[PDB]
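Written out below as structure tokens is the structure these notes cover.
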Amino acid sequence: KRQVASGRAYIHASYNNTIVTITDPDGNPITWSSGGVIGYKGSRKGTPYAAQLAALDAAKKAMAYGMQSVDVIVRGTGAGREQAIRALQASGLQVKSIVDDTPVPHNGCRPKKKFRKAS
Amino acid sequence: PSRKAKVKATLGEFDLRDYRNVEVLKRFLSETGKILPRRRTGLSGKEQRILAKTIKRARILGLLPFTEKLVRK
Amino acid sequence: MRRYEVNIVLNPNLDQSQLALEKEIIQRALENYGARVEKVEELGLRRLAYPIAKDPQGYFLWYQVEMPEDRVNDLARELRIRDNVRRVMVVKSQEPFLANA
Amino acid sequence: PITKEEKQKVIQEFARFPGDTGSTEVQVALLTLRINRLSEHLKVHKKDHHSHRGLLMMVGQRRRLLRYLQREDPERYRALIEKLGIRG
RNA sequence: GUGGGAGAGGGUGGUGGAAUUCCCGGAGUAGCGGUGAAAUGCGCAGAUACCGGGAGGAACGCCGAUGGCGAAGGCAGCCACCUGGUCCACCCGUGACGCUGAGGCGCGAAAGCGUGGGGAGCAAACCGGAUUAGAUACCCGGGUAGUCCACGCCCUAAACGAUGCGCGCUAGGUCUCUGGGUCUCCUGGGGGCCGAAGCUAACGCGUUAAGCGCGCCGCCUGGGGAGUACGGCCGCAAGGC
RNA sequence: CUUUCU
Ligand SMILES: CN[C@H]1C[C@@H](N)[C@H](O)[C@@H](O[C@@H]2O[C@H](CO)[C@H](O)[C@@H]3O[C@@]4(O[C@@H]([C@@H](N)CO)[C@H](O)[C@@H](O)[C@H]4O)O[C@@H]23)[C@@H]1O
Ligand SMILES: [Mg+2]
Ligand SMILES: [Mg+2]
Ligand SMILES: [Mg+2]
Ligand SMILES: [Mg+2]
Ligand SMILES: [Mg+2]
Ligand SMILES: [Mg+2]
Ligand SMILES: [Mg+2]
Ligand SMILES: [Mg+2]
Ligand SMILES: [Mg+2]
Ligand SMILES: [Mg+2]
Ligand SMILES: [Mg+2]
Ligand SMILES: [Mg+2]
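Residue numbers (the authors' numbering), protein chains in the order written: chain K, 11 to 129; chain R, 16 to 88; chain F, 1 to 101; chain O, 2 to 89.
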């Protein structure tokens, strides 16, 4: 209930789950979806299938605010990233563009043991 | 392949020590503020090595980018 | 002495008076430290690759000096004091190493 | 550092004859010069151990040249020492 | 000596952006996270995902190498000052001034110790979840010392090329870093590979020798007991020799 | 995932 149309679609994909946050032309989120948003509770959450149902929901919910034109901003490689992008490309929303914006440090903090053994 | 034609080739003689020719320097960065590898920059050990310091100076001066977003994907 | 290059970037929002003022202190400051100007370039405004102090543009200055090396570091402590001066960078001068020439 | 002046100013000041660029008096002279600047630099930067080695090296090279001197001509020696200001 | 060169060699100061954490503001709801599955955990005092602002600590992406520098330990954002080593050309100066080096003095990763400071992330110990027959572990969630800085102590290591230093002599080929030249190659220094002669138990080494010789130092003398006992020296202690 | 002994 605002009417936006033109806006941004943020896809935050990770190997543990995918979450889509649709927002306005300058940041403030309108509606968000995720693996949890929809049924899927644990492992199933990550799956590229959910990455779809999530994108769609995000858009559907976003269609209510009267969305249309959207700019997709992917963040992080993970189980079903490209899938979210495709979902949006369908749905209804017109995908103006897509852009990898995943963050990478210029070597700042020591990662958890989990992600070490690099160099 | 990576043979999209060297960057040194498509370019006339220029001072590599000059950290303000944003026009020319801009040339050695990819679709991001990343300094191109020798096998693209077409430079040489010594050259390449100086370029890299020249490009860093710029960035600090704000003339050149540290990193860009990737369009497409 | 030695030959250096002083790069100075300040607030792109300076009216003829404010701007011409900062240069007053710079010109002054240089002297006060032994900086002997050999020449200058004033490119002025340029679209920065990224924002500097929220501002997306910058006003550039370029002075090539000859001064007591043992005071180059102090000369720039001074230069950075100013609030409109958001970036100062001194550099030892060097032969323009060519390439592809 | 040591300007070319700073340097040559010493070389002439010790050279055994016009053109003497590397006699023993000269060499001991230039070394005493570097050793002083360096030991001066280390008065501060005590943690700069790396540069310290270079000192030990010069200090060696020096007494080793003096040793040879005081052996060949005991006179030029006492001359050189009192002059440069070595021993103490 | 004169003239040049490359370099993450070292020390002090300054400074740049990426990211993480925290705090403030907005917009926004019901989950986020995490695994092999999960759970602990965090979330309606509104978390996660998104935007803007701030603070702080630590490290320094691409360049970056199969690269470089140092005697080793080791050293990489940028800038300036201070400073060590080292290479090439000219062959100008001294005139054997050389080599090695018991002891000595100094240096010496990490962990560790003492006083003070700092503390974002990571994380011995520890507190929990899970897995398991059990789990004092691996996996997951927290987390203290510590990791950071200063000053002082510690002195060890697969401190490795597991290969002491110096010099002379003995096919080449190829790639590379750096200097000089008459610069499609010659010549000097350095890093790699293949390989003559030769060496080796074999593996392999081979002008960067592990080949042929000379000089000086350190060291070995079956495995275990044992780097232990004892004694002495050093150390605040742990411990070291 | 772990997944002992002979
Ligand atoms: C001689 N003194 C002891 C030494 C022990 N370390 C050993 O485990 C004992 O017993 C047997 O030892 C053998 C060599 O060490 C071995 O490996 C046998 O496997 C064993 O088989 C099973 C028993 N059912 C039979 O002893 C159990 O899993 C364990 O004891 C297991 O070590 O016995 C083991 C043995 O008696
Ligand atoms: Mg030097
Ligand atoms: Mg001669
Ligand atoms: Mg003679
Ligand atoms: Mg130590
Ligand atoms: Mg330590
Ligand atoms: Mg302590
Ligand atoms: Mg843990
Ligand atoms: Mg933790
Ligand atoms: Mg060679
Ligand atoms: Mg043979
Ligand atoms: Mg071989
Ligand atoms: Mg005691």
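We put the beta carbon where it would ideally sit given N, CA and C, even for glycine.
Listed in chain order, the non-local C-beta contacts of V27 of chain O below 7 angstroms within the same chain comprise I12, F15, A16, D21, local neighbours out to five positions each way being set aside.
The three-state reading of DSSP puts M1 of chain F in coil, since its state is none of H, G, I, E or B. Below the 7 angstroms Cβ cutoff, chain K contributes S107, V109 as neighbours of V86 of chain R, in chain order. Of the other Cβ atoms in all chains shown, fewer than 16 fall within 10 Å of the Cβ of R12 of chain K; this residue is therefore exposed. In the DSSP assignment, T28 of chain K falls within the beta strand (DSSP E) that extends over 27-33. By the beta-carbon neighbour count (other beta carbons within 10 angstroms, threshold 16), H116 of chain K is exposed. Within the stretch 35-105 of chain K, the complete beta strand (DSSP E) runs of at least 3 residues fall at 39-43, 79-85.
Per the C-alpha coordinates, the member of R:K61, R:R87, R:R32, R:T69 positioned closest to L44 of chain R is R:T69.
Using beta-carbon distances, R32 of chain R counts as an interface residue toward chain F, with a partner under 7 angstroms.
Counting only runs of at least 4 residues, the stretch 49-90 of chain F fully encloses the following alpha helix (DSSP H) elements, listed from N- to C-terminal order: 72-81.
Note that the C-beta distance between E78 of chain F and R3 of chain F is not below 7 angstroms. Judged by DSSP in its simplified three-state form, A19 of chain K adopts strand. Of the residues assessed, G27 of chain R falls on the exposed side of the cut-off, its CB having fewer than 16 other CB atoms within 10 angstroms. Excluding its 5 nearest sequence neighbours in each direction, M89 of chain F has C-beta neighbours in its own chain below 7 angstroms: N7, listed in chain order. Closest by C-alpha distance to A64 of chain K, out of K:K123, K:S43, K:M73, is K:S43. Counting only the Cα atoms, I3 of chain O lies some 16 angstroms from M59 of chain O. Here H50 of chain O is exposed, its C-beta having fewer than 16 other C-beta atoms within 10 Å. In the DSSP assignment, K92 of chain F is bridged to F:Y4. By the C-beta density criterion, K23 of chain R is buried, having at least 16 other C-beta atoms within 10 angstroms.
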